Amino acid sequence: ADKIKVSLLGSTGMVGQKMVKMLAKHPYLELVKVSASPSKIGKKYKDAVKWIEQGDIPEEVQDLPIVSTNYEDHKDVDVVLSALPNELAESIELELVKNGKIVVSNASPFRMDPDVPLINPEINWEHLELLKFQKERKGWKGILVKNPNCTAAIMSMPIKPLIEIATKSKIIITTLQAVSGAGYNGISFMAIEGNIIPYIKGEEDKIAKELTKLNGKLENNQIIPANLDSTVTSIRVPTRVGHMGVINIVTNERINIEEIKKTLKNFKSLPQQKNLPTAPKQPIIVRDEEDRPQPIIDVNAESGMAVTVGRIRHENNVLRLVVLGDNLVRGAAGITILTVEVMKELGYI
């Protein structure tokens, strides 16, 4: 196939290593440049990274030289992918886009910018149309696309196909997030093992707001935010990978429990239709067993691109369900790569 040359910002972290691994064997996406901190620039990827993924560093990437995050080092790249930390992404990504680079990033800055698409492939690929007016609106020579917070990404999967119910209700959400969500070394053993921390800075606000844009509707070259009144409580649990979410759609709207299970299990979108390399066959898996989903059993579903839903139940004035997803793949690495695949498929390239 005709290869599309890509570079990767923040390739040293957990999300970065996941992407490096997924790209090392990609059909047409050819990773030719990886970036990391300044002091590592010039060294080979294998000499700068502390491999945390499964197995050895791919040979196709181990010798890739570390380049800076500056425009000059990415001139020959077709698309720049970014996994930079939230506190460094704004300046870096802004300068690149100003210089004409096409940037697809999963870092938080700009995610809620009205002219920037926040993409989760299956959920709102149509929102990419915003790209048609971005250059003129921001006065950029480049292109910027964003991916949502990992938890938001996971939570949006079951909500979208049920957007009509969720829109007319009070959404209560409790999220149980794995330690890896804070990076590989973000949380100490002493602080979390055999424990629970009912607080994750800024996570609750990002979830509620981003969910509003992910489920929004495109009208007249703009995104009309979906009306979602959600209250969320994000908790950190002693889990390595996998974000769980207990969703309670408090509403008196009629609800056909079986039709809902059917709708979720049959949910397919453009990524599934065009059979994109990183698109899972069934983005949403429904489990009938009452003790599912569970991180150690379902986290890897379809390479971590599929979310698993269980305990779907309808009680008085409320539809409840439990969803699980790989925060590293579905929540970051995989959706960024899947976003690029979609863009190529739609001609934004």
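Start at 1 with the first residue shown and count on from there.
- Between 36-44 and 56-64, the higher mean Cα B-factor belongs to 56-64.
- Of the two segments examined, 163-171 and 235-243, it is 163-171 that shows the higher average Cα temperature factor in the deposited entry.
- When the C-alpha B factors of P109, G139, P198, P114 are read from the deposited coordinates, the top value falls at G139.
- Residue set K209, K146, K274, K101: peak C-alpha B-factor at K274 (per PDB entry).
- When the modelled residues of the chain are ordered by their C-alpha B factor, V15 lands in the middle third.
- The PDB entry assigns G304 a C-alpha temperature factor belonging to the middle third of its chain's modelled residues.
- In this PDB entry, the Cα temperature factor of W125 sits in the middle third of its chain's modelled residues.
- Sort the chain's modelled residues by C-alpha temperature factor and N316 lands in the highest third, per the entry.
- When the modelled residues of the chain are ordered by C-alpha B-factor, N220 sits in the highest third.
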